[PDB]
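Just one chain follows, in the form deposited in one PDB entry, and it is written as structure tokens.
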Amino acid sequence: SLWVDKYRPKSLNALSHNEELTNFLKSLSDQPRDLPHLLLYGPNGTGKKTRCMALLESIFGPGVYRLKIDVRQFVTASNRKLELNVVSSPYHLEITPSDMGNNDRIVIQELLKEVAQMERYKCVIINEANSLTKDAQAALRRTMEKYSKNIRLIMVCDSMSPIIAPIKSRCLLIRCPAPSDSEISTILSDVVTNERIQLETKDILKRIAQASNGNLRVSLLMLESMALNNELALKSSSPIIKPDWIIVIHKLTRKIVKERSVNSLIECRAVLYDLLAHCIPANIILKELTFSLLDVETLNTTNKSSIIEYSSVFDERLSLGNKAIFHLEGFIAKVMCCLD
């Protein structure tokens, strides 16, 4: 399999970065009966899910990794049928209620309840807890208050701000910072020594870390891609390999900076349509475009300030909107006007 998945730590002892968090998780698992509800918040691709699975393995044994995926059917009061993908083990469940959108609430009020009827306790992991609706979060607080005897919730999120205060008060907050470049370099060195990859110098690994911006999953996948491109022999001159959408967005940024006209906006529309049609989220596109524009060396302070202001405005509009291309084109047009 891929190196990012083959060498994923399967236990608390196999974790290599954020030593304090590993010790805290070991102490937490030392007392399974008094396990609190947990809310792990941190940047993407830092190891939150790996640490949750490692804690579950420390509590219930390796059997948590005998994962089986099923589909659960629910009926909402308008007599509408919903299907939710549930990944379950003999000891825990994993759900992503945000996949049901505004229909998440009822789904939770069903599934958790069912588990409470089936049950010392069963751990329920909730992914993307920050994107849950406020009603769903209130229902989750109700289920925490009611079924605390048999249900222990482990929520994972990238930002704790959307989480409501009553949920925060009843759960243990766990901050998961992104690993430093040294830890990423150590992990990549372990991976390349396991995979027998030739390195001219270790500095290349450092560069990969600087290219990943603290994203360990991205750094591992980038390392595997670079190794595959260079016939398992990485050199100091080996270029950093970036994903296709990032390359497209950088090309779009260069196009916007070079020329500012209506025809350029029309062609940027086609570029944005191509990006959106292939499962690239609008917020991701906007963030990448803005931070590529802010990295252009020919722009002065006023241009960058205008760009970041328009980015904030159209990010709010994207969060409040329905059609992404509208807001993205508006942002690009405003940037083009501001650059002149």
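Residue numbers run from 1 along the displayed sequence. Between two forms, the rigid core is the largest collection of C-alphas that superpose within 1.5 Å.
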**Prompt:** Is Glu83 one of the residues left unmodelled in a third or more of the other entries compared?
**Reply:** no
**Message:** Would you say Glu119 is commonly dropped, meaning unmodelled in a third or more of the other compared entries that have residues on each side of it?
**Reply:** yes
**Request:** Could you tell me how many residues of the deposited sequence sit unmodelled between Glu119 and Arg120 (none, 1 to 3, 4 to 9, 10 or more)?
**Result:** 10 or more
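Omitted from view is the form deposited in another entry, to which the following refers.
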**Asked** Which residue, chosen from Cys268, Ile208, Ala178, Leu84, moves its CA by 2 Å or more between the shown form and the other one under a rigid core superposition?
**Response** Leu84
**Asked** Superposing on the rigid core, does the Cα of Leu188 end up 2 Å or more away between the shown form and the other one?
**Response** no
**Prompt:** If we fit on the core, is the Cα of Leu35 displaced 2 Å or more between the shown form and the other one?
**Reply:** yes
**Asked** Relative to the superposed rigid core, does the CA atom of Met144 travel 2 Å or more between the shown form and the other one?
**Response** yes
**Request:** Relative to what we see here, could you say if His92 and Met100 have their Cα atoms closer or farther apart in that other deposited form, with a change of 3 Å or more?
**Result:** farther
